[PDB]
């Protein structure tokens, strides 16, 4: 549908003019929606849309040839972690919407086309999430997730938000 475009002027430039030039931007806009660096977003994916690609935006830039790029730090759904779904004491204390609403942060970063961004979402701490659920706007939790810890895809290890290997 409609394309994301840059908001305003670049924040920074790298390289000489020409094929090596890179113009960095803090925000993209589409109609009345704005997404900025530090926000989390849902990305368009190929299939299985119960596991949307969700990432934190680290930086965005345009390179030569009208290429709009976003650098993304991916979150992982608990099903996606190598311990799988069956792995999810710790089981007792976890919310009953854990499989649907919890996300692990990771250090897995990728560069992607800005036009694969679908829409903004929120990934907050557990206590923040529970307080937001008491309200009316965030009643229904649309696009709202909470952080369950860290996943290391290279080792398969999961860590709590306190850094405790799980």
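Residue numbers count along the first chain shown, from 1.
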Next on the checklist: For the step residue 88 to residue 89, what size class fits the number of deposited residues with no coordinates, none, 1 to 3, 4 to 9, or 10 or more?
Outcome noted: 10 or more
Next on the checklist: If you take the mean CA temperature factor per stretch, which one wins between 94-102 and 26-34?
Outcome noted: 94-102
Item to check | Stretch with the greater mean C-alpha B-factor as recorded in the entry, comparing 115-123 against 44-52 | outcome: 44-52
Checklist entry - Checking the entry, which one of 131, 59, 141, 67 has the top C-alpha B factor? => result 141
Checklist entry - Hey, what third does residue 161 fall into on Cα B-factor, ranked over its chain? => result middle
Checklist outcome for this item: On the chain's distribution of Cα B-factors, residue 21 falls within the third called middle
Next on the checklist: Splitting the chain's C-alpha B-factors into thirds, which one does residue 149 fall into?
Outcome noted: lowest
